[PDB]
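Report on one structure; see the data block that follows.
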Amino acid sequence: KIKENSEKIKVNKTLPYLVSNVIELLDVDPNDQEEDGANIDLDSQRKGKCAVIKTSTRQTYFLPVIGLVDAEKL
Amino acid sequence: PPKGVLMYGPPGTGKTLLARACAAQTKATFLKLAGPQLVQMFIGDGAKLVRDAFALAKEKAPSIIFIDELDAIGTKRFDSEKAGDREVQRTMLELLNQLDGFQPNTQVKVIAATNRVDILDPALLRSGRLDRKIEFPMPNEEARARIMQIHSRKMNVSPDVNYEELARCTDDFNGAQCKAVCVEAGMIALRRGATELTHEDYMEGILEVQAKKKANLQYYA
Amino acid sequence: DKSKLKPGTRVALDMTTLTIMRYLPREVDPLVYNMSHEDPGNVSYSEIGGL
Amino acid sequence: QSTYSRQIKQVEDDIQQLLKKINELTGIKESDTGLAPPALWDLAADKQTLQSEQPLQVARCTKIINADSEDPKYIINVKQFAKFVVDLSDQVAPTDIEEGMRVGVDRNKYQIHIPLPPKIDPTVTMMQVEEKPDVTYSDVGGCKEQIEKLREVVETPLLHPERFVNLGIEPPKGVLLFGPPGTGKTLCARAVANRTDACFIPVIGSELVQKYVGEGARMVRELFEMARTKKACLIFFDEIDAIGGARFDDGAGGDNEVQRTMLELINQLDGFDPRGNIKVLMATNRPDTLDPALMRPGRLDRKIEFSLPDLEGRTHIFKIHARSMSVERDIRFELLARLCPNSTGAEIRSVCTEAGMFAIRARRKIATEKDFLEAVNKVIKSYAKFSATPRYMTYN
Numbered sequence: 075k076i077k078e079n080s081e082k083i084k085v086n087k088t089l090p091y092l093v094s095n096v097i098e099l100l101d102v103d104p105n106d107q108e109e110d111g112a113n114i115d116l117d118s119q120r121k122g123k124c125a126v127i128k129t130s131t132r133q134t135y136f137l138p139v140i141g142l143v144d145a146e147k148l
Numbered sequence: 222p223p224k225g226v227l228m229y230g231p232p233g234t235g236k237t238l239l240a241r242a243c244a245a246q247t248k249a250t251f252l253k254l255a256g257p258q259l260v261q262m263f264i265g266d267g268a269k270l271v272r273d274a275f276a277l278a279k280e281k282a283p284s285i286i287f288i289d290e291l292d293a294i295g296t297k298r299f300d301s302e303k304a305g306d307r308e309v310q311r312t313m314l315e316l317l318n319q320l321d322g323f324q325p326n327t328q329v330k331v332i333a334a335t336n337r338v339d340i341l342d343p344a345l346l347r348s349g350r351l352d353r354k355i356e357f358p359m360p361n362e363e364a365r366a367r368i369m370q371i372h373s374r375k376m377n378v379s380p381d382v383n384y385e386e387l388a389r390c391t392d393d394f395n396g397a398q399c400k401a402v403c404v405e406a407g408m409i410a411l412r413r414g415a416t417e418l419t420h421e422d423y424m425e426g427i428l429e430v431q432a433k434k435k436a437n438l439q440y441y442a
Numbered sequence: 102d103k104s105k106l107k108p109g110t111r112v113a114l115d116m117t118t119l120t121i122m123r124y125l126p127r128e129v130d131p132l133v134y135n136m137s138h139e140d141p142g143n144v145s146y147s148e149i150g151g152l
Numbered sequence: 038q039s040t041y042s043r044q045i046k047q048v049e050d051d052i053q054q055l056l057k058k059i060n061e062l063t064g065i066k067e068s069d070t071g072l073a074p075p076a077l078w079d080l081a082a083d084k085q086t087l088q089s090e091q092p093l094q095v096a097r098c099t100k101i102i103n104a105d106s107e108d109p110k111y112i113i114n115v116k117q118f119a120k121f122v123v124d125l126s127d128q129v130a131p132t133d134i135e136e137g138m139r140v141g142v143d144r145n146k147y148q149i150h151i152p153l154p155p156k157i158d159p160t161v162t163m164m165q166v167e168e169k170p171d172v173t174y175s176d177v178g179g180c181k182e183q184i185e186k187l188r189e190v191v192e193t194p195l196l197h198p199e200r201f202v203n204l205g206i207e208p209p210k211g212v213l214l215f216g217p218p219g220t221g222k223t224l225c226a227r228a229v230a231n232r233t234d235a236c237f238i239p240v241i242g243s244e245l246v247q248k249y250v251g252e253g254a255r256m257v258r259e260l261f262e263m264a265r266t267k268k269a270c271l272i273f274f275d276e277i278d279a280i281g282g283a284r285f286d287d288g289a290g291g292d293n294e295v296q297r298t299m300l301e302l303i304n305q306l307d308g309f310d311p312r313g314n315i316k317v318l319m320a321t322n323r324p325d326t327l328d329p330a331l332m333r334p335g336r337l338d339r340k341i342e343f344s345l346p347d348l349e350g351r352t353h354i355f356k357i358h359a360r361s362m363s364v365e366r367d368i369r370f371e372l373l374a375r376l377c378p379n380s381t382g383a384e385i386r387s388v389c390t391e392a393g394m395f396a397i398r399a400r401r402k403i404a405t406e407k408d409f410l411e412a413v414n415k416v417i418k419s420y421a422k423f424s425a426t427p428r429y430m431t432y433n
């Protein structure tokens, strides 16, 4: 199971991908008040912690951060 | 302690030299910086770059941050630039709010030079948020005599120049203008086959440096 | 809830189907947070006589 | 009258339909140009068409810092205003991607084939730039007082820099040029340069107005760096009443780009500056908008008020043009010069042009004395008209 996960992140990690800057964190709770799919997790169909980034187009995204390197680590 | 010093008035007295001299005495790190100047390519990417610079300069205390051309950062006006300038502008106000204490006041010093005093942050003008704010008046009699003396040390001291006498002749020449004058005085001297700067040499240098030109309209000139 | 939408609050919506995945708690601008905490004074907040 | 009138109505309908046909008339064929050897070329082109990895986009690295667990990435920014990371399809190195360096990256891999020269700004500006001048005093409107004053700045420190260094002075290199258009301010600067035997490069601030906000400062900075590289040269800044000119702190216009450019320019000059016989001239073509920061004495050593050619200087330059074309010699040009107010060298040459033309109208092939009279009347009046009420300005 581990080798299979490990190869998929890497295919994601290779270019193309956007670069932006992190203006602020929020780190809000896991599982807000909802139930949908999968399992309660840091991010999934259920996402807790996120960091808001101001990208270079003058667009803003608040997105959930992968747990390989957490939003708390961000 | 005093939170900092503000310099305003017509420049040319040596507002950059002054800042540099004080900072040298103290052996505090000297940032010559101006708010929106690190904006590279786009406004998005450039907002970040300029904000980061502002913060960086404040830190590494003790320090002296020298802000040049703060007319733009000041936003006395009802319009803003809304690019990188906004960010640097907000962080300054927050910073001044935080500074009142005994402890940050000494550590972080700020010195600023701007052309006017009415295009600085609306807060700065409210109260003395920096202790002792100095206006530089038009050149007094003592000022003139001194700007000549320091320059004669730089080149050479002739028996001919007399600072007291020189001050009377001329009116309204500041430090920068004066440096140009001493360089000019030297030009005259090189023509003569001299190294000495004569009293006549300093005088003549004064006329070339201004708007005035040889072969004047007037029939007494 | 239908109370997780009210004018001005943050929401996360899915990109491909524009339905509400979750509630996103509103950002707090750091600038407002500085204004709340800081007191620009260094003088008494009880009284100043004759004022 | 009557018979024609019907032909008029019909012809209009004809012309309408014809306007569409010109497109076809030029060619139905989809082609532009093509010779038998681009057929060979075409096979190669096909693959490049096929693949979406090519064409190569132009991007520019604003700063080098990234190299996060792969051979150096950096932040390269494409002109769709989005940032991307680089990989190798040639190489990547600290030196292949730099602070200014532009890059060629793919649309759907974002890997570097080749880096491109640093910045867009120095390649385009190169065409605009002319080299060493070959012009002389007679051509400016003769020997003028303003000419001699340029000699003092340019000729003396350049030819013999050793005297100023020993004495204890730094040498003067700066001049502020101001006055009305047509005086020959660049022409004069160039004139002195040629005799002195030093390079000249024109820089026009208006010619580069590539913006994305704050971008304008990076161009100012580059033009300065290039001048500095060439020792024993003069740099003349034309059209810097904007982008590197007057601030607007009273504004309500959404500008900050002129202010941004100004900020960088003052700062580079002020305190010290690394020069070695690079003369800095500034020409301000606008009395209305002026930049005080630059304008006052200091690092930029003198101010000279640029004035129109004196009476001997204009007579002398006219003489030179006059002999070349057909003129009657004993010429009444002297009587007219003295009668009239100050007249520039540009103005006198137009006299010669206009006098020729009156002469053709009369049906002579010699431009006579009468013809020169009409030509001076015309020129003096046209120059004279412009106002911007100077007293109003003096008051405030």
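Chains as they are written, first to last, in the entry's author numbering: chain P, 75 to 148; chain Y, 222 to 442; chain G, 102 to 152; chain V, 38 to 433. Built from N, CA and C at the ideal position, the CB exists for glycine as well.
Check                                                                                                                : Outcome
Whole-angstrom C-beta distance between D278 of chain V and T326 of chain V, which should lie under 8 Å               : 6 Å
Cutoff 8 Å: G265 of chain Y Cβ touching any chain P Cβ                                                               : yes
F323 of chain Y burial status per 10 Å Cβ neighbour count (16 or more: buried)                                       : exposed
Within chain Y, partners of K110 of chain V - CB distance below 8 Å                                                  : Result: empty, since nearest Cβ-Cβ is about 16 Å, beyond 8 Å.
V240 of chain V in three-state terms, based on DSSP                                                                  : strand
Interface positions of the stretch 43-54 of chain V facing chain P (Cβ-Cβ less than 7 Å), listed along the chain     : none
Spatially closest choice to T220 of chain V from V:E244, V:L345, V:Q296, V:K402, by CA coordinates                   : V:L345
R127 of chain G vs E108 of chain P beta-carbon contact at 8 Å                                                        : no
The stretch 108-139 of chain P: positions lying closer than 9 Å to chain Y by Cβ                                     : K128, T129, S130, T131, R132, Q133
Beta carbon of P231 of chain Y nearer than 8 Å to that of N326 of chain Y                                            : no
Given 8 Å, three or more beta-carbon pairs between the stretch 138-148 of chain P and the stretch 124-132 of chain V : no
Bridge-paired residues (DSSP) for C98 of chain V                                                                     : V:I113
Proximal residues, the stretch 81-100 of chain P versus chain Y, C-beta separation under 8 Å                         : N95
Amino acids of chain P, ordered along the chain, whose beta-carbon sits closer than 8 Å to that of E128 of chain G   : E98, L100, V126, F136
Bridge-paired residues (DSSP) for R123 of chain G                                                                    : G:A113
Residue from V:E107, V:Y41, V:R139 whose Cα sits closest to the Cα of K84 of chain P                                 : V:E107
Span separating the alpha-carbon of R284 of chain V from that of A113 of chain G                                     : 43 Å
Positions along the stretch 266-277 of chain Y whose CB lies within less than 7 Å of some CB in chain P              : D266, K269
Cβ neighbour criterion (16 or more within 10 Å) applied to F263 of chain Y                                           : buried
Per-residue DSSP class, three states only, for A283 of chain V                                                       : coil
Near-chain Y residues of the stretch 355-369 of chain V - C-beta to any C-beta below 7 Å                             : none
Distance, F423 of chain V Cα to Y429 of chain V Cα                                                                   : 15 Å
Listed by chain order, chain P residues near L125 of chain G by CB distance under 7 Å                                : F136
The alpha helix (DSSP H) enclosing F136 of chain P, as first and last residue numbers                                : First-last for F136 of chain P: 134-138, but that is the beta strand (DSSP E), not the alpha helix (DSSP H).
Cβ neighbours of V122 of chain V in the same chain (closer than 6 Å, five flanking residues each side left out)      : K110
Span of the beta strand (DSSP E), counted from its first residue to its last, around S284 of chain Y                 : 284-289
C-beta contact flag for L89 of chain P and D124 of chain V at 8 Å                                                    : yes
Straight-line gap, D158 of chain V to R132 of chain P (C-alpha atoms, nearest Å)                                     : 24 Å
Nearest-angstrom Cα separation, counted from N383 of chain Y out to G382 of chain V                                  : 45 Å
Beta strand (DSSP E) runs wholly inside the stretch 315-356 of chain V, at least 3 long, in chain order              : 315-321, 339-342
Helix, strand or coil at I97 of chain P [DSSP, three-state]                                                          : strand
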